[PDB]
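So this first bit is one chain, no partners, the form deposited in one PDB entry, shown in structure tokens.
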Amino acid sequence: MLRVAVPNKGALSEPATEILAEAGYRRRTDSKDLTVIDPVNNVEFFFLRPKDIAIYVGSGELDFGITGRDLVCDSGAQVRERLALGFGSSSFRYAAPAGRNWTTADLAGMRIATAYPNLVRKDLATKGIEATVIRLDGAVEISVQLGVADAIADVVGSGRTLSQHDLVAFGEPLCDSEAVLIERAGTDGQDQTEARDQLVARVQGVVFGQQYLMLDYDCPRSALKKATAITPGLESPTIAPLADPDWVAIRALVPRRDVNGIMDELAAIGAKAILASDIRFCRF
């Protein structure tokens, strides 16, 4: 029996449930209750505060959790990062009032406000800089105008929040906010390592599969050799006859980021009825 922590609120909550459903796990009946038991797969899901999930995996009885990479950095927990999940990512920056030409060495001896004080203290220490790091609960950008800090450190999305408070980012970026699957650092026994590997393999099937689309298209046999070079697939394109003996249908996986270039090439050699559909799971 495995126990998995899922964010119960915020930007990571819906895509975390979506990726667990695509891996075949029982979805949450309604947002009211806070555990979901999966008797088929032998897993229990707990819906917890996002900033706490790393502590529950690192110090508690949870085998796995989904949370942001910056929250793992800030927590001090000793856990394994098994997979980057492909959502929630955003840079983490220092920032200070615009029009002042701020640089990293200006931070020495200043007051820096953040919701991630352990992350920031470790970053400054590696760069050999000492400063006063002030813990806040959230929404730190207003703290400069209000006189609590000289500068801030926060997740920056597209700069809306920095711009709306006349702040500009500077310095090297810190630990980012991409969603990750984390695992407790342990060994336990043999009959537990197997059950753990099964979950990682299933989540990995979604993480990998979601990078591709299936192309299906009708192709003249005369353009077949060209078509095969344009869509070589993960192993090799599938080729099946049509009723019309001068034609075939071809099936091949293609990366989502390549799809529009690929289709233009196929049209130019005679391909017709080019279909593209989402992949939600693929065990390579």
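Take the two forms, superpose them, and find the largest set of C-alpha atoms that agree within 1.5 Å; that set is the rigid core. A residue's number is simply how far along the shown sequence it sits, counting from 1.
Form deposited in another entry: not shown, discussed below.
A.B. asks: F47: with the rigid core matched between this form and the one not shown, does its Cα shift 2 Å or more?
C.D. replies: It does not reach a 2 Å shift.
A.B. asks: By the 2 angstroms cut-off, has the C-alpha of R256 moved between this form and the one not shown once the rigid core is superposed?
C.D. replies: Yes; that C-alpha moves by at least 2 Å between this form and the one not shown.
A.B. asks: Any CA movement of 2 Å or more for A125 between this form and the one not shown, core superposed?
C.D. replies: No.
A.B. asks: Based on a C-alpha change of 3 angstroms or more, tell me if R26 and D278 lie closer or farther in that other deposited form than in the shown form.
C.D. replies: Distance between the C-alphas of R26 and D278: longer in that other deposited form, by 3 Å or more.
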